[PDB]
Structure formats: C-alpha cells, structure tokens
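Enquirer: PDB, C-alpha atoms, file run-v2.pdb:
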ATOM      1  CA  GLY A   1      21.908  31.373 -11.735
ATOM      2  CA  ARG A   2      19.324  30.110  -9.252
ATOM      3  CA  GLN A   3      17.562  28.222 -12.022
ATOM      4  CA  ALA A   4      20.896  26.405 -12.128
ATOM      5  CA  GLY A   5      21.616  26.785  -8.411
ATOM      6  CA  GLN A   6      18.425  24.863  -7.719
ATOM      7  CA  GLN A   7      18.852  22.411 -10.600
ATOM      8  CA  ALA A   8      22.009  21.147  -8.885
ATOM      9  CA  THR A   9      20.161  20.292  -5.679
ATOM     10  CA  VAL A  10      17.418  18.535  -7.659
ATOM     11  CA  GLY A  11      19.963  16.545  -9.687
ATOM     12  CA  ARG A  12      21.695  15.590  -6.453
ATOM     13  CA  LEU A  13      18.505  14.352  -4.776
ATOM     14  CA  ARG A  14      17.427  12.585  -7.970
ATOM     15  CA  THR A  15      20.727  10.725  -8.026
ATOM     16  CA  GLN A  16      20.274   9.803  -4.349
ATOM     17  CA  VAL A  17      16.859   8.249  -5.052
ATOM     18  CA  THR A  18      18.052   6.498  -8.219
ATOM     19  CA  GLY A  19      21.116   5.109  -6.459
ATOM     20  CA  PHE A  20      18.953   3.844  -3.639
ATOM     21  CA  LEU A  21      16.480   2.047  -5.907
ATOM     22  CA  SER A  22      19.370   0.532  -7.858
ATOM     23  CA  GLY A  23      20.943  -0.623  -4.598
ATOM     24  CA  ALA A  24      17.657  -2.247  -3.628
ATOM     25  CA  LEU A  25      17.549  -4.084  -6.961
ATOM     26  CA  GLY A  26      21.087  -5.275  -6.272
ATOM     27  CA  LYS A  27      20.164  -6.549  -2.811
ATOM     28  CA  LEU A  28      17.126  -8.364  -4.224
ATOM     29  CA  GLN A  29      19.269 -10.037  -6.878
ATOM     30  CA  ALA A  30      21.760 -11.155  -4.217
ATOM     31  CA  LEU A  31      18.986 -12.455  -1.942
ATOM     32  CA  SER A  32      17.572 -14.576  -4.760
ATOM     33  CA  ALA A  33      20.890 -16.383  -5.253
ATOM     34  CA  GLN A  34      20.952 -20.191  -5.379
ATOM     35  CA  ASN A  35      23.167 -20.027  -2.291
ATOM     36  CA  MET A  36      20.648 -18.050  -0.247
ATOM     37  CA  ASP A  37      18.496 -19.472   2.544
ATOM     38  CA  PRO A  38      14.943 -18.352   1.584
ATOM     39  CA  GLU A  39      13.982 -17.713   5.231
ATOM     40  CA  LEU A  40      16.999 -15.434   5.587
ATOM     41  CA  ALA A  41      15.961 -13.794   2.321
ATOM     42  CA  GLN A  42      12.496 -13.031   3.702
ATOM     43  CA  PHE A  43      13.934 -11.590   6.894
ATOM     44  CA  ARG A  44      16.281  -9.391   4.850
ATOM     45  CA  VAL A  45      13.548  -8.267   2.466
ATOM     46  CA  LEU A  46      11.533  -6.890   5.406
ATOM     47  CA  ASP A  47      13.780  -3.805   5.567
ATOM     48  CA  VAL A  48      14.078  -3.493   1.787
ATOM     49  CA  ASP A  49      10.302  -3.474   1.399
ATOM     50  CA  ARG A  50       9.820  -1.041   4.281
ATOM     51  CA  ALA A  51      12.369   1.267   2.668
ATOM     52  CA  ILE A  52      11.116   1.159  -0.928
ATOM     53  CA  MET A  53       7.333   1.040  -0.453
ATOM     54  CA  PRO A  54       6.862   4.841  -0.222
ATOM     55  CA  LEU A  55       8.763   5.337  -3.492
ATOM     56  CA  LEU A  56       6.823   2.546  -5.208
ATOM     57  CA  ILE A  57       3.618   4.232  -4.049
ATOM     58  CA  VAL A  58       4.666   7.599  -5.484
ATOM     59  CA  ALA A  59       5.741   6.093  -8.811
ATOM     60  CA  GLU A  60       2.611   3.968  -9.191
ATOM     61  CA  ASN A  61       0.444   6.973  -8.312
ATOM     62  CA  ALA A  62       2.134   8.745 -11.210
ATOM     63  CA  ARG A  63       1.778   5.881 -13.704
ATOM     64  CA  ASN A  64      -1.895   5.330 -12.877
ATOM     65  CA  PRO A  65      -3.629   8.709 -12.419
ATOM     66  CA  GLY A  66      -6.579   8.125 -10.091
ATOM     67  CA  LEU A  67      -4.993   5.312  -8.083
ATOM     68  CA  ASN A  68      -4.604   7.720  -5.169
ATOM     69  CA  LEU A  69      -2.662   5.237  -3.061
ATOM     70  CA  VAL A  70      -1.846   6.373   0.480
ATOM     71  CA  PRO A  71       0.108   4.495   3.180
ATOM     72  CA  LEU A  72      -1.891   4.329   6.433
ATOM     73  CA  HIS A  73      -1.352   2.731   9.838
ATOM     74  CA  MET A  74      -3.209   1.894  13.044
ATOM     75  CA  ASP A  75      -2.600   2.374  16.778
ATOM     76  CA  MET A  76      -0.511  -0.788  17.216
ATOM     77  CA  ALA A  77       1.889   0.512  14.552
ATOM     78  CA  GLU A  78       2.763   3.348  16.940
ATOM     79  CA  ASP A  79       3.600   0.993  19.821
ATOM     80  CA  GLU A  80       7.389   0.641  19.699
ATOM     81  CA  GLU A  81       7.391  -2.375  22.021
ATOM     82  CA  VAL A  82       4.830  -4.439  20.103
ATOM     83  CA  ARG A  83       5.106  -3.634  16.389
ATOM     84  CA  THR A  84       7.327  -5.865  14.260
ATOM     85  CA  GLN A  85       8.500  -2.863  12.275
ATOM     86  CA  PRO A  86       7.860   0.874  12.346
ATOM     87  CA  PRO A  87       5.366   2.146   9.757
ATOM     88  CA  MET A  88       6.922   3.135   6.427
ATOM     89  CA  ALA A  89       7.991   6.729   5.837
ATOM     90  CA  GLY A  90       5.107   9.099   5.111
ATOM     91  CA  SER A  91       2.616   6.766   6.782
ATOM     92  CA  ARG A  92      -0.310   8.444   8.546
ATOM     93  CA  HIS A  93      -2.576   7.209  11.323
ATOM     94  CA  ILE A  94      -5.849   6.162   9.699
ATOM     95  CA  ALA A  95      -7.769   8.407  12.116
ATOM     96  CA  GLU A  96      -5.841  11.507  11.069
ATOM     97  CA  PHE A  97      -6.369  10.609   7.414
ATOM     98  CA  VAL A  98     -10.117  10.147   7.853
ATOM     99  CA  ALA A  99     -10.334  13.504   9.643
ATOM    100  CA  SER A 100      -8.049  15.526   7.369
ATOM    101  CA  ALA A 101      -8.110  13.999   3.871
ATOM    102  CA  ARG A 102      -9.598  15.879   0.932
ATOM    103  CA  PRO A 103     -12.911  14.177   0.002
ATOM    104  CA  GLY A 104     -12.806  11.582  -2.766
ATOM    105  CA  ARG A 105     -11.556   8.158  -3.769
ATOM    106  CA  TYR A 106      -8.360   6.536  -2.448
ATOM    107  CA  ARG A 107      -6.492   3.282  -2.381
ATOM    108  CA  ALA A 108      -4.472   2.479   0.732
ATOM    109  CA  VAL A 109      -2.029   0.087   2.297
ATOM    110  CA  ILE A 110      -2.902  -0.189   5.979
ATOM    111  CA  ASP A 111      -0.281  -1.357   8.477
ATOM    112  CA  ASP A 112      -1.619  -2.699  11.786
ATOM    113  CA  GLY A 113       1.766  -3.311  13.416
ATOM    114  CA  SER A 114       2.071  -6.847  12.062
ATOM    115  CA  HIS A 115       0.519  -7.083   8.614
ATOM    116  CA  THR A 116      -0.236  -4.702   5.767
ATOM    117  CA  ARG A 117      -3.541  -4.944   3.881
ATOM    118  CA  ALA A 118      -4.924  -3.279   0.733
ATOM    119  CA  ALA A 119      -7.958  -0.996   1.033
ATOM    120  CA  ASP A 120     -10.368   1.187  -0.930
ATOM    121  CA  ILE A 121     -11.490   4.375   0.808
ATOM    122  CA  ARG A 122     -14.299   6.775  -0.089
ATOM    123  CA  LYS A 123     -14.763  10.107   1.668
ATOM    124  CA  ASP A 124     -18.128  11.805   1.054
ATOM    125  CA  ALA A 125     -20.198  14.452   2.804
ATOM    126  CA  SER A 126     -22.274  11.420   3.753
ATOM    127  CA  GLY A 127     -19.192  10.072   5.499
ATOM    128  CA  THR A 128     -16.188   7.833   4.946
ATOM    129  CA  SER A 129     -16.241   4.128   4.110
ATOM    130  CA  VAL A 130     -13.230   1.798   4.150
ATOM    131  CA  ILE A 131     -13.058  -1.529   2.314
ATOM    132  CA  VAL A 132     -10.241  -3.756   3.545
ATOM    133  CA  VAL A 133      -9.008  -6.771   1.554
ATOM    134  CA  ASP A 134      -8.138  -9.558   3.989
ATOM    135  CA  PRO A 135      -6.004 -12.548   2.869
ATOM    136  CA  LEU A 136      -7.137 -15.452   5.044
ATOM    137  CA  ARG A 137      -5.860 -18.551   3.229
ATOM    138  CA  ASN A 138     -14.575 -13.566  12.984
ATOM    139  CA  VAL A 139     -18.012 -14.312  11.507
ATOM    140  CA  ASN A 140     -20.433 -11.352  11.704
ATOM    141  CA  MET A 141     -17.975  -8.967  13.355
ATOM    142  CA  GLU A 142     -17.912  -5.300  12.313
ATOM    143  CA  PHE A 143     -15.184  -2.776  13.143
ATOM    144  CA  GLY A 144     -14.811   1.007  13.097
ATOM    145  CA  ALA A 145     -15.927   5.599   9.457
ATOM    146  CA  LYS A 146     -17.628   2.404   8.256
ATOM    147  CA  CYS A 147     -15.268  -0.532   7.667
ATOM    148  CA  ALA A 148     -15.866  -3.743   5.741
ATOM    149  CA  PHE A 149     -13.437  -6.631   5.340
ATOM    150  CA  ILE A 150     -13.408  -8.717   2.159
ATOM    151  CA  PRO A 151     -12.047 -12.235   2.741
ATOM    152  CA  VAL A 152      -9.918 -13.304  -0.232
ATOM    153  CA  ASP A 153      -8.457 -16.699  -1.145
ATOM    154  CA  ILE A 154      -4.900 -15.407  -0.816
ATOM    155  CA  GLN A 155      -2.293 -16.738   1.611
ATOM    156  CA  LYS A 156      -1.863 -14.395   4.572
ATOM    157  CA  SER A 157       1.873 -13.704   4.592
ATOM    158  CA  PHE A 158       3.845 -11.565   7.053
ATOM    159  CA  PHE A 159       6.751 -11.351   4.598
ATOM    160  CA  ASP A 160       4.795 -10.798   1.358
ATOM    161  CA  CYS A 161       1.912  -8.577   2.461
ATOM    162  CA  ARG A 162       3.455  -5.210   1.520
ATOM    163  CA  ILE A 163       4.086  -6.003  -2.155
ATOM    164  CA  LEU A 164       0.890  -8.062  -2.247
ATOM    165  CA  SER A 165      -1.152  -5.195  -0.805
ATOM    166  CA  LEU A 166       0.361  -2.828  -3.346
ATOM    167  CA  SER A 167      -0.591  -5.232  -6.150
ATOM    168  CA  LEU A 168      -4.107  -5.646  -4.765
ATOM    169  CA  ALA A 169      -4.487  -1.857  -4.544
ATOM    170  CA  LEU A 170      -3.622  -1.650  -8.222
ATOM    171  CA  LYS A 171      -6.227  -4.310  -8.983
ATOM    172  CA  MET A 172      -8.816  -2.445  -6.877
ATOM    173  CA  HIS A 173      -8.115   0.617  -8.975
ATOM    174  CA  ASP A 174      -8.695  -1.546 -12.056
ATOM    175  CA  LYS A 175     -12.048  -2.675 -10.611
ATOM    176  CA  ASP A 176     -12.934   0.845  -9.467
ATOM    177  CA  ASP A 177     -16.666   0.633 -10.233
ATOM    178  CA  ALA A 178     -17.211  -2.639  -8.343
ATOM    179  CA  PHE A 179     -15.729  -1.144  -5.196
ATOM    180  CA  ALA A 180     -17.720   2.058  -5.746
ATOM    181  CA  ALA A 181     -20.856  -0.085  -5.884
ATOM    182  CA  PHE A 182     -19.903  -1.800  -2.641
ATOM    183  CA  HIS A 183     -19.218   1.627  -1.110
ATOM    184  CA  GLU A 184     -22.793   2.629  -1.947
ATOM    185  CA  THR A 185     -24.096  -0.659  -0.527
ATOM    186  CA  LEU A 186     -22.102  -0.034   2.650
ATOM    187  CA  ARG A 187     -23.543   3.479   2.823
ATOM    188  CA  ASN A 188     -27.111   2.237   2.318
ATOM    189  CA  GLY A 189     -27.276   0.704   5.795
ATOM    190  CA  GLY A 190     -31.024   1.275   5.874
ATOM    191  CA  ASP A 191     -32.109  -1.281   3.243
ATOM    192  CA  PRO A 192     -33.759  -4.364   4.792
ATOM    193  CA  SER A 193     -31.686  -6.804   2.731
ATOM    194  CA  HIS A 194     -28.490  -4.802   3.331
ATOM    195  CA  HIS A 195     -26.992  -7.516   5.554
ATOM    196  CA  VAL A 196     -27.627 -10.025   2.790
ATOM    197  CA  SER A 197     -26.644  -7.772  -0.119
ATOM    198  CA  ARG A 198     -23.450  -6.656   1.607
ATOM    199  CA  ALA A 199     -22.499 -10.246   2.388
ATOM    200  CA  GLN A 200     -23.406 -11.313  -1.136
ATOM    201  CA  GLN A 201     -21.373  -8.525  -2.684
ATOM    202  CA  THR A 202     -18.528  -9.301  -0.288
ATOM    203  CA  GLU A 203     -18.205 -12.788  -1.727
ATOM    204  CA  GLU A 204     -18.437 -11.422  -5.261
ATOM    205  CA  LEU A 205     -15.733  -8.829  -4.628
ATOM    206  CA  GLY A 206     -13.476 -11.552  -3.242
ATOM    207  CA  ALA A 207     -13.833 -13.531  -6.443
ATOM    208  CA  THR A 208     -13.000 -10.607  -8.710
ATOM    209  CA  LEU A 209      -9.886  -9.937  -6.659
ATOM    210  CA  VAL A 210      -8.486 -13.448  -7.069
ATOM    211  CA  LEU A 211      -9.452 -13.898 -10.727
ATOM    212  CA  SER A 212       5.140 -14.159  -7.983
ATOM    213  CA  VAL A 213       5.804 -11.685  -5.154
ATOM    214  CA  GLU A 214       9.495 -11.661  -6.114
ATOM    215  CA  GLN A 215       8.815 -10.840  -9.777
ATOM    216  CA  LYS A 216       6.192  -8.248  -8.855
ATOM    217  CA  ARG A 217       8.669  -6.560  -6.516
ATOM    218  CA  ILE A 218      11.356  -6.479  -9.221
ATOM    219  CA  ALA A 219       8.940  -5.039 -11.796
ATOM    220  CA  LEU A 220       7.654  -2.400  -9.380
ATOM    221  CA  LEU A 221      11.232  -1.374  -8.629
ATOM    222  CA  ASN A 222      12.103  -1.046 -12.320
ATOM    223  CA  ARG A 223       8.984   1.038 -12.942
ATOM    224  CA  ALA A 224       9.841   3.202  -9.935
ATOM    225  CA  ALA A 225      13.432   3.838 -11.063
ATOM    226  CA  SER A 226      12.535   4.581 -14.687
ATOM    227  CA  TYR A 227       9.897   6.960 -13.348
ATOM    228  CA  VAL A 228      12.394   8.682 -11.027
ATOM    229  CA  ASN A 229      14.569   9.431 -14.040
ATOM    230  CA  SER A 230      11.871  11.500 -15.752
ATOM    231  CA  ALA A 231      10.198  12.642 -12.528
ATOM    232  CA  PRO A 232       9.613  16.401 -11.909
ATOM    233  CA  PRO A 233      11.480  18.376  -9.190
ATOM    234  CA  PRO A 234       8.614  18.404  -6.663
ATOM    235  CA  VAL A 235       8.271  14.627  -6.913
ATOM    236  CA  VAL A 236      12.054  14.250  -6.699
ATOM    237  CA  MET A 237      12.258  16.339  -3.526
ATOM    238  CA  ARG A 238       9.340  14.394  -2.061
ATOM    239  CA  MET A 239      10.797  10.944  -2.760
ATOM    240  CA  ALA A 240      14.220  12.047  -1.513
ATOM    241  CA  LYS A 241      12.665  13.281   1.732
ATOM    242  CA  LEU A 242      10.829   9.971   2.187
ATOM    243  CA  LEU A 243      14.046   8.057   1.575
ATOM    244  CA  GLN A 244      15.937  10.194   4.098
ATOM    245  CA  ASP A 245      13.102   9.755   6.614
ATOM    246  CA  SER A 246      13.163   5.958   6.285
ATOM    247  CA  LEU A 247      16.619   5.995   7.896
TER     248      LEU A 247
END
Can you present the structure in this file as structure tokens?

Expert:
Amino acid sequence: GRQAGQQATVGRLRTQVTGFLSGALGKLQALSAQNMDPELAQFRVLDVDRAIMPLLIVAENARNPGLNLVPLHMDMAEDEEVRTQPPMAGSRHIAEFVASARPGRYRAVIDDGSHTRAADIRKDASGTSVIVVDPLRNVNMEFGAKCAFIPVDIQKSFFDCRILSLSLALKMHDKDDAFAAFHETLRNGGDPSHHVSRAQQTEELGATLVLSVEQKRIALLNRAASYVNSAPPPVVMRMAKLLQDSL
C-alpha cells in the first residue's frame, strides 16, 4: 500500500509543478497581448523568470546529459537592500560551490544582484577555472578560482539576461571542446604568450558564441512541462521543493 501511498504524494507534487508551468505559459501569453505595454510586460516577466528558471534548469539538464547547469550567485545577491531580486530557488553562493562541488565540468547562470550571466566552470585537482560570458553591446582587469570574462556582441539586458544566459549555457555545452581548450589556456598561466593567447582565444570564443527571448522562453517552458510529465519521482520531488521555495 505504500507503493501506492507514496505514488499519491508524487502525483500530487507532479500536478503542482505541471499546473505552475502551465500557469506561467498562460501569464506569458497574456503579457504578449496586443493591448499590453511592453515595459509593463518586462517588469511582470521578472517574477515569472525568477520562478521558472530552476525548473527550466532541471529539465534542460535532463534533456542534455552533460550540460550540468547550476544556478550560482555572488555576495551582492545576498544583500536584501541592494539586490533587484533575490536569487532564484536552489541558488548557491559561488564560493560555496567552488569549495564543495564534485570535480568536473559545469555550466552555470551567475546572478550578481543585478544581472545574470552564463558561465563554464571546470573543477580539477589543479584548481577551478570560471569562464563568464559578458554581453556588453574594464580593459586588462582580472577578477577572482581563476575567472575570465568573454565579451560578446549581445545586448546587455536586465530583463532578458536570465533566459539569454540559459540559452548561452546551452550553446556553451554545444561548444564544449572550445571552452575546454580555453580552460587549459587559462590554467597554463606560465606560458610567455599566455596573455596574448588568452586574449586571442577570448575574441575567438566570443565569435563562436554569437554565430527571440520571448520565443525561447516559451519553448523552454514547453520542454520543461513535457519533461515534468514523464519525470521520475526524485526529480518531481526536487522540482516541487524548488517551486515551493520560490514563494
């Protein structure tokens, strides 16, 4: 009876998650009405995006084994007075992640309290390197374990950066080897032409990354919902917990 007694709870949570994603789709459809003020739509979509991003991340991690997307945030995202929005549910401070994460290859969306950016992270015994994609459409400034920023010809957008960062993370997964190469370059700090090579590669990476937000969001939601239908009980419990936490 407990195979059933537990199947009821799972079905319940599953229906919660499904109903939520469907509700989000509804809101998005209403916000894209001919009547709607687009600025108002952006403002409204802030909360929608914050709420659905964890679920999108879970789903997309399932659909693309190896993506290993993790939501991360920085110090300013923990300042209640300054941050525009609280970090999404399940978000971890980047420090804690660097210290605790199982070694390997990750994609990330990093929230700094204002904007979210895509990133590729590699944790070795050698150390950890973080490659941050930075939509700019600070010369010779480095930050920190090793971090490198790749300037890309993409409009920096407060309202679009979550979905855009998700998309870019997917593309980084698609260009896994290029980013691995840059990780090795970033690790090989010793080489005399490092500074050049790095910079060179930076440019190149940028290009490969740039080679609508609304449509992408819709598609991601559909994929997420259809995944939630067939999703296993652990995943269901997880997503449900994230959803509950977001409120």

Enquirer: Please report the interatomic distance between CA of residue 136 (chain A) and CA of residue 58 (chain A) in Å with one decimal.

Expert: 28.0 Å

Enquirer: Go through A:119, A:48, A:218, A:231 one by one, measure the shortest atom-to-atom distance of each to residue 179 (chain A) using all atoms listed in the file, and give the residue with the smallest value.

Expert: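 Looking only at the distances to residue 179 (chain A), the closest residue turns out to be A:119.
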
Enquirer: In Å to one decimal, how far is CA of residue 89 (chain A) from CA of residue 54 (chain A)?

Expert: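 One can read the CA of residue 54 (chain A) to CA of residue 89 (chain A) distance as 6.4 Å.
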
Enquirer: Compare A:144, A:232, A:113, A:127 by their minimum atom-to-atom distance to residue 188 (chain A), counting all atoms listed in the file, and give me the closest one.

Expert: A:127

Enquirer: Run the PyMOL selection byres ((chain A and resi 210-217) around 8) mentally over the shown coordinates, then write out the matched residues as a list in words, using the chain letters and numbers from the document.

Expert: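 This file, filtered by the PyMOL selection byres ((chain A and resi 210-217) around 8), leaves residues 152, 153, 154, 160, 163, 164, 167, 206, 207, 208, 209, 218, 219, 220 and 221 of chain A.
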
Enquirer: Would you export the selected residues with C-alpha atoms as an mmCIF file, in the frame of the given file, please?

Expert:
data_model
loop_
_atom_site.group_PDB
_atom_site.id
_atom_site.type_symbol
_atom_site.label_atom_id
_atom_site.label_comp_id
_atom_site.auth_asym_id
_atom_site.auth_seq_id
_atom_site.Cartn_x
_atom_site.Cartn_y
_atom_site.Cartn_z
ATOM 1 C CA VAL A 152 -9.918 -13.304 -0.232
ATOM 2 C CA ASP A 153 -8.457 -16.699 -1.145
ATOM 3 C CA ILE A 154 -4.900 -15.407 -0.816
ATOM 4 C CA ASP A 160 4.795 -10.798 1.358
ATOM 5 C CA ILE A 163 4.086 -6.003 -2.155
ATOM 6 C CA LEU A 164 0.890 -8.062 -2.247
ATOM 7 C CA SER A 167 -0.591 -5.232 -6.150
ATOM 8 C CA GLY A 206 -13.476 -11.552 -3.242
ATOM 9 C CA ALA A 207 -13.833 -13.531 -6.443
ATOM 10 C CA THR A 208 -13.000 -10.607 -8.710
ATOM 11 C CA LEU A 209 -9.886 -9.937 -6.659
ATOM 12 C CA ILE A 218 11.356 -6.479 -9.221
ATOM 13 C CA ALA A 219 8.940 -5.039 -11.796
ATOM 14 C CA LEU A 220 7.654 -2.400 -9.380
ATOM 15 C CA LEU A 221 11.232 -1.374 -8.629
#

Enquirer: Write out as a VMD selection string which residues come within 12 Å of residue 105 (chain A) when counting all atoms listed in the file, dropping same-chain ones fewer than 3 positions away.

Expert: chain A and resid 65 to 70 98 101 to 102 108 119 to 124 128 to 131 172 to 173 176 to 177 179 to 180 183

Enquirer: In Å, how far is it from CA of residue 96 (chain A) to CA of residue 143 (chain A)?

Expert: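 Atom-to-atom, CA of residue 96 (chain A) to CA of residue 143 (chain A), that is 17.2 Å.
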
Enquirer: Do you know which residues are at most 12 Å from residue 29 (chain A) counting all atoms listed in the file, after dropping those on the same chain fewer than 3 positions away, and could you put them as a count of residues only?

Expert: 17

Enquirer: Evaluated on this file, the PyMOL selection byres ((chain A and resi 241) around 12) picks out some residues - which ones are they, written as a PyMOL selection string?

Expert: chain A and resi 10+13-14+16-17+54-55+89-90+234-240+242-247
